[PDB]
Every structure is written in structure tokens, then in C-alpha cells.
Amino acid sequence: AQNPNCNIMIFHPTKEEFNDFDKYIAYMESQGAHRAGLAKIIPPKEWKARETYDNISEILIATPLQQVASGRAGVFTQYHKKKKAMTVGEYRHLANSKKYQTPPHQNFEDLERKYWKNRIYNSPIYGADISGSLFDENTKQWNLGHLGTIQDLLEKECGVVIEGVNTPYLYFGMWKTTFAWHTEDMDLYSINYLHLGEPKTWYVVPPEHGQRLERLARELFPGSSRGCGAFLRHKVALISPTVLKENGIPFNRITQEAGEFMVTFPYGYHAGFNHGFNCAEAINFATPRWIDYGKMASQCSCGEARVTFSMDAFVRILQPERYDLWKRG
Ligand SMILES: CCOC(=O)Cc1nn[nH]n1
Ligand SMILES: [Cl-]
Ligand code: NA
Ligand code: NI
Ligand SMILES: [Zn+2]
């Protein structure tokens, strides 16, 4: 079997290989990439997402979220406090201010150490989950607004014809902005392009070991676990690499830089943080291999994890038994 140690693999497709998106995902999996839960794809040198980023400052962040931590440095939750709307230009200025700017650091490992030491003592502001795209409509390869839809995938695989749309999200980040441990909705794939700015560090647990992370999370967040049997769905719990290592949890880490794609694979738990001001775009997608993961995906029914209108049909068709109870939440 390929990639038995579940290492994060990095791919360098040629411009010809970059034409057929589905085919390249299948290729990566043939090499065992999915075993890690996460892969990096560096686009060919001939490719670009758009011409420039000089004109993005007027995009609105309608509901920036302040990420307020509780707990200890290595085991904490974050709750999201709504702030007043800002433009991207205003947000960038805020990110670069003394209060929020990345501290001096020697390299990525030094900054990673500073993040886990000091994250809880600050409350950075994240402009997450903004419907939109920054790919030029003329970019034909790996344009995250022009992928095949999950609804069409389900139809092709299962004959299933369903309502729903699937469009990309933009994210504007700053130092210490954090994505909590999660898998995607319905354990879908995701793809993330870092358009501009400072890096993003990722942590990931191999899909074959996801239940080990879940068990540790239940132990570390016992009240949350009693409240919901899928509380990681809430996307608020953080566990540091030190604590994961202490508890024998298999994981890997990698830093994504501007101009690079990351793909997360079905049931690949991931978490991480932004190094400084940046802009990313992401969307969920499916392949034939996803279908069995979708059938088995845990669900939050406590009501906290509120989700997109597209998810109804996925639960309805793939998980009819669970549908009524899920719909209640
Ligand atoms: C407000 C919390 O926002 C997030 O966690 C957004 C995010 N999800 N994955 N990377 N960023
Ligand atoms: Cl710091
Ligand atoms: Na490893
Ligand atoms: Ni994700
Ligand atoms: Zn829940």
C-alpha cells in the first residue's frame, strides 16, 4: 500500500497535468496522498489565479469574528464574538497594527512555538466564511468557483437528483487566527488556495486514525462531549501538537504559503493558524470515493452546528435514518 506512514505529500503537477482536476485528485490518491488527510499542490509556474490583488480592498467583511479563548495553552476552546463590519482594506490595517501584528520571529518553527505559547492570551479577529471568489473567470485550471458540484457528483454516482448549490468561501486572516479541529461537513473533501499574504500552518490526523483524536477530545472536553456526541462539528476545540504527542495521537504538520493549494481528504481532521494578514479561498468537493464517508459521517444534532442549505439533501439521501433527528437541530 502506498504511503503507509500517512505522510503529507507535496505534488508539482505540470501544466498539462493541471487541466483535469478530477484526474489529478485520483492520481494523488493512487500515490497514497489521502492517507495523510492533507496534501499540498504547488501549481505549475505557468499558472496564475488572477492578474493582481491590487483591487481587493473594497470587499466587505460583514461579520468579522473575534476569537476569544478559554482553557490552557495546549487545550482550549474559542468562542466567536461578532464585531462591526469592515472592508478588507480596514481589516488589513487592523491586522498590521501593533495590537495584532505578527511578532518578530526567526523562522516558521519559532513562530509556531510563539503561537502555542501565547495564543490564548490574545483575541484575534477573523474574517471567515465570506461567500465569493477571487479567481479570474478566465482561469481555467483549478478555479475553485468552477469545480464540479457535490450535487452533480451524487447524481452521477447514485442517480440521485437533489436541490442545492456549492460555492466558494473567502477568508481574511491575521496573526493567531485559528481554525479548530474538524472534518468537513459530511466528511467531504476540501480544497484551499492561499491567494495572498502570510502563511497558514496546518495540523492533520490521518483518516484511519480519526477516532483516536475523537477519543482524546472527549477526554479533554468532557462537558462538551456530554452535550453533543459530535461536538468537534462545532469547530471550537483546540489541542496543541505537544498534547497530541503526549497522548500518542498520530498527526502531521505543514505550512502553506501564498500561491499553494491544500486538499483535505474525507475524514481527515485538521486545525491550524495564520501567521499574519492573508487571504484564502476554499470549497468542499466530492469524488466517488467520498460517498461511503458521507454515509458514515457523524452529525451534530444538538443545534450548535448550523449548516448550509446544501447539507439537508446529503443527510436526507445518504443518512435517512438519522434525518429526522438531525433536522430537529
Ligand atoms: C470563525 C472561525 O472560522 C474558521 O474556523 C474558518 C476556517 N475554517 N478553516 N479555516 N478557517
Ligand atoms: Cl506572540
Ligand atoms: Na508523521
Ligand atoms: Ni476544513
Ligand atoms: Zn452539537
# chains A, B, ... in the order shown; residues from 1 in each chain; ligands from 1

$ residues_near_ligand --ligand "ligand 2" --cutoff "8 Å" --atoms "only C-alpha atoms and all ligand atoms" --output "number ranges by chain"
A: 102-103, 111, 114-115, 117-119

$ write_last_selection --atoms "C-alpha atoms" --output "PDB file, in the first residue's frame"
ATOM      1  CA  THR A 102       2.898  39.131  13.831  1.00  0.00           C
ATOM      2  CA  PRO A 103       5.771  39.409  16.321  1.00  0.00           C
ATOM      3  CA  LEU A 111       6.561  31.424  15.211  1.00  0.00           C
ATOM      4  CA  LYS A 114       5.089  31.525  19.949  1.00  0.00           C
ATOM      5  CA  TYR A 115       1.606  30.647  18.694  1.00  0.00           C
ATOM      6  CA  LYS A 117       2.726  29.554  23.968  1.00  0.00           C
ATOM      7  CA  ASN A 118       0.713  32.763  23.621  1.00  0.00           C
ATOM      8  CA  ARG A 119      -2.446  32.194  21.562  1.00  0.00           C
TER       9      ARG A 119
END

$ closest_atom_pairs --of "range 154-190 of chain A" --to "range 62-70 of chain A" --cutoff "12 Å" --atoms "only C-alpha atoms" --output "JSON lines"
{"residue": "A:171", "atom": "CA", "partner": "A:64", "partner_atom": "CA", "distance": 10.1}
{"residue": "A:172", "atom": "CA", "partner": "A:64", "partner_atom": "CA", "distance": 9.1}
{"residue": "A:173", "atom": "CA", "partner": "A:64", "partner_atom": "CA", "distance": 10.0}
{"residue": "A:174", "atom": "CA", "partner": "A:66", "partner_atom": "CA", "distance": 11.0}
{"residue": "A:175", "atom": "CA", "partner": "A:67", "partner_atom": "CA", "distance": 11.6}
{"residue": "A:176", "atom": "CA", "partner": "A:67", "partner_atom": "CA", "distance": 9.2}
{"residue": "A:177", "atom": "CA", "partner": "A:67", "partner_atom": "CA", "distance": 7.3}
{"residue": "A:178", "atom": "CA", "partner": "A:67", "partner_atom": "CA", "distance": 7.8}
{"residue": "A:179", "atom": "CA", "partner": "A:67", "partner_atom": "CA", "distance": 9.9}
{"residue": "A:180", "atom": "CA", "partner": "A:67", "partner_atom": "CA", "distance": 10.7}

$ residues_near_ligand --ligand "ligand 3" --cutoff "12 Å" --atoms "only C-alpha atoms and all ligand atoms" --output "PyMOL selection string"
chain A and resi 3-9+35-37+203-206+241+245+248-254

$ select_by_dssp --residues "range 92-237 of chain A" --states "strand (DSSP E or B)" --output "MDAnalysis selection string"
chainID A and resid 125:131 169:173 178:182 189:197 200:205 237

$ write_last_selection --atoms "N, CA and C atoms" --output "mmCIF file, in the first residue's frame"
data_model
loop_
_atom_site.group_PDB
_atom_site.id
_atom_site.type_symbol
_atom_site.label_atom_id
_atom_site.label_comp_id
_atom_site.auth_asym_id
_atom_site.auth_seq_id
_atom_site.Cartn_x
_atom_site.Cartn_y
_atom_site.Cartn_z
ATOM 1 N N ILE A 125 -9.001 38.730 15.299
ATOM 2 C CA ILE A 125 -10.257 38.897 14.568
ATOM 3 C C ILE A 125 -10.110 38.245 13.205
ATOM 4 N N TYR A 126 -11.053 37.390 12.857
ATOM 5 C CA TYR A 126 -11.046 36.546 11.641
ATOM 6 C C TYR A 126 -12.218 36.923 10.767
ATOM 7 N N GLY A 127 -11.937 37.162 9.505
ATOM 8 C CA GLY A 127 -12.979 37.383 8.522
ATOM 9 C C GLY A 127 -13.262 36.127 7.736
ATOM 10 N N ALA A 128 -13.977 35.195 8.355
ATOM 11 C CA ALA A 128 -14.166 33.836 7.834
ATOM 12 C C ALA A 128 -15.466 33.690 7.075
ATOM 13 N N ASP A 129 -15.500 32.718 6.162
ATOM 14 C CA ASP A 129 -16.756 32.213 5.608
ATOM 15 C C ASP A 129 -17.558 33.294 4.846
ATOM 16 N N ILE A 130 -16.874 34.009 3.964
ATOM 17 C CA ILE A 130 -17.470 35.051 3.144
ATOM 18 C C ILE A 130 -17.719 34.483 1.749
ATOM 19 N N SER A 131 -18.983 34.335 1.353
ATOM 20 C CA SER A 131 -19.257 33.791 0.021
ATOM 21 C C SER A 131 -18.649 34.682 -1.053
ATOM 22 N N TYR A 169 -15.880 30.023 -0.484
ATOM 23 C CA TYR A 169 -15.759 30.976 0.639
ATOM 24 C C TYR A 169 -14.392 31.656 0.571
ATOM 25 N N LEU A 170 -14.363 32.937 0.903
ATOM 26 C CA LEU A 170 -13.155 33.696 1.157
ATOM 27 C C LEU A 170 -12.943 33.832 2.656
ATOM 28 N N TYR A 171 -11.664 33.932 3.006
ATOM 29 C CA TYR A 171 -11.225 34.069 4.386
ATOM 30 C C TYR A 171 -10.144 35.117 4.447
ATOM 31 N N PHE A 172 -10.304 36.069 5.345
ATOM 32 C CA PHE A 172 -9.286 37.084 5.613
ATOM 33 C C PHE A 172 -8.797 36.851 7.024
ATOM 34 N N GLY A 173 -7.496 36.615 7.152
ATOM 35 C CA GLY A 173 -6.907 36.196 8.418
ATOM 36 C C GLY A 173 -5.862 37.175 8.906
ATOM 37 N N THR A 178 -7.348 31.269 14.043
ATOM 38 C CA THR A 178 -7.272 29.835 14.332
ATOM 39 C C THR A 178 -8.460 29.099 13.737
ATOM 40 N N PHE A 179 -8.201 27.960 13.090
ATOM 41 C CA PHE A 179 -9.256 27.009 12.743
ATOM 42 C C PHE A 179 -9.127 25.793 13.649
ATOM 43 N N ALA A 180 -10.212 25.525 14.362
ATOM 44 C CA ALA A 180 -10.291 24.454 15.334
ATOM 45 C C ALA A 180 -10.306 23.088 14.664
ATOM 46 N N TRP A 181 -10.071 22.049 15.459
ATOM 47 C CA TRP A 181 -10.083 20.681 14.949
ATOM 48 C C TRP A 181 -11.434 20.290 14.362
ATOM 49 N N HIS A 182 -11.434 19.838 13.112
ATOM 50 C CA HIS A 182 -12.677 19.451 12.461
ATOM 51 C C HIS A 182 -12.405 18.567 11.272
ATOM 52 N N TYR A 189 -14.330 16.260 0.997
ATOM 53 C CA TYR A 189 -13.026 16.863 0.758
ATOM 54 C C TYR A 189 -13.148 18.372 0.890
ATOM 55 N N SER A 190 -12.015 19.045 1.065
ATOM 56 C CA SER A 190 -11.946 20.475 0.818
ATOM 57 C C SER A 190 -10.697 20.797 0.045
ATOM 58 N N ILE A 191 -10.718 21.944 -0.610
ATOM 59 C CA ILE A 191 -9.533 22.496 -1.236
ATOM 60 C C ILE A 191 -9.442 23.954 -0.855
ATOM 61 N N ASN A 192 -8.221 24.381 -0.554
ATOM 62 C CA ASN A 192 -7.924 25.699 -0.035
ATOM 63 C C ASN A 192 -6.770 26.294 -0.831
ATOM 64 N N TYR A 193 -6.976 27.481 -1.386
ATOM 65 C CA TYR A 193 -5.936 28.217 -2.086
ATOM 66 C C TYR A 193 -5.563 29.446 -1.266
ATOM 67 N N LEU A 194 -4.270 29.633 -0.985
ATOM 68 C CA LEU A 194 -3.817 30.812 -0.269
ATOM 69 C C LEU A 194 -3.462 31.872 -1.321
ATOM 70 N N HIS A 195 -4.381 32.815 -1.519
ATOM 71 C CA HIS A 195 -4.245 33.812 -2.570
ATOM 72 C C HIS A 195 -3.099 34.786 -2.322
ATOM 73 N N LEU A 196 -2.964 35.241 -1.083
ATOM 74 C CA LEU A 196 -2.135 36.411 -0.790
ATOM 75 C C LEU A 196 -1.750 36.439 0.669
ATOM 76 N N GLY A 197 -0.538 36.896 0.944
ATOM 77 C CA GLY A 197 -0.136 37.236 2.294
ATOM 78 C C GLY A 197 0.659 36.172 3.011
ATOM 79 N N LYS A 200 -0.095 29.880 6.377
ATOM 80 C CA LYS A 200 -1.043 29.178 7.236
ATOM 81 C C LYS A 200 -0.378 27.851 7.614
ATOM 82 N N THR A 201 -0.286 27.558 8.908
ATOM 83 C CA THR A 201 0.210 26.263 9.382
ATOM 84 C C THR A 201 -0.973 25.345 9.660
ATOM 85 N N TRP A 202 -0.854 24.107 9.190
ATOM 86 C CA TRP A 202 -1.876 23.077 9.293
ATOM 87 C C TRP A 202 -1.363 21.905 10.118
ATOM 88 N N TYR A 203 -2.271 21.315 10.890
ATOM 89 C CA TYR A 203 -2.079 20.039 11.570
ATOM 90 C C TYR A 203 -3.161 19.096 11.054
ATOM 91 N N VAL A 204 -2.856 17.815 10.932
ATOM 92 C CA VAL A 204 -3.797 16.859 10.373
ATOM 93 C C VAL A 204 -3.594 15.465 10.942
ATOM 94 N N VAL A 205 -4.702 14.781 11.214
ATOM 95 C CA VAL A 205 -4.693 13.397 11.662
ATOM 96 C C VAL A 205 -5.115 12.509 10.494
ATOM 97 N N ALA A 237 -12.788 23.637 19.290
ATOM 98 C CA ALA A 237 -11.847 22.983 20.213
ATOM 99 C C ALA A 237 -10.439 22.898 19.624
#

$ atom_distance --atom1 "CA of residue 313 in chain A" --atom2 "CA of residue 160 in chain A"
9.8 Å

$ residues_near_ligand --ligand "ligand 5" --cutoff "8 Å" --atoms "only C-alpha atoms and all ligand atoms" --output "PyMOL selection string"
chain A and resi 227-234+299-305

$ write_last_selection --atoms "C-alpha atoms" --output "mmCIF file, in the first residue's frame"
data_model
loop_
_atom_site.group_PDB
_atom_site.id
_atom_site.type_symbol
_atom_site.label_atom_id
_atom_site.label_comp_id
_atom_site.auth_asym_id
_atom_site.auth_seq_id
_atom_site.Cartn_x
_atom_site.Cartn_y
_atom_site.Cartn_z
ATOM 1 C CA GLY A 227 -23.621 17.954 25.385
ATOM 2 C CA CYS A 228 -23.105 16.591 21.875
ATOM 3 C CA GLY A 229 -21.856 13.302 20.529
ATOM 4 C CA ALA A 230 -20.230 15.085 17.555
ATOM 5 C CA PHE A 231 -19.088 18.284 19.329
ATOM 6 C CA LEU A 232 -15.998 18.666 17.126
ATOM 7 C CA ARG A 233 -18.607 19.663 14.484
ATOM 8 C CA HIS A 234 -18.905 22.911 16.464
ATOM 9 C CA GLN A 299 -23.711 14.576 12.812
ATOM 10 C CA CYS A 300 -24.311 17.276 15.336
ATOM 11 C CA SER A 301 -27.979 17.318 16.356
ATOM 12 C CA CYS A 302 -27.591 19.476 19.494
ATOM 13 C CA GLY A 303 -28.186 22.510 17.278
ATOM 14 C CA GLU A 304 -24.873 24.245 17.668
ATOM 15 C CA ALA A 305 -23.510 23.206 14.335
#

$ closest_residue --among "A:214, A:219, A:208, A:185" --to "ligand 1" --atoms "only C-alpha atoms and all ligand atoms"
A:185

$ closest_residue --among "A:77, A:107, A:211, A:141" --to "ligand 1" --atoms "only C-alpha atoms and all ligand atoms"
A:77

$ closest_residue --among "A:97, A:329, A:45, A:120" --to "residue 71 in chain A" --atoms "only C-alpha atoms"
A:120
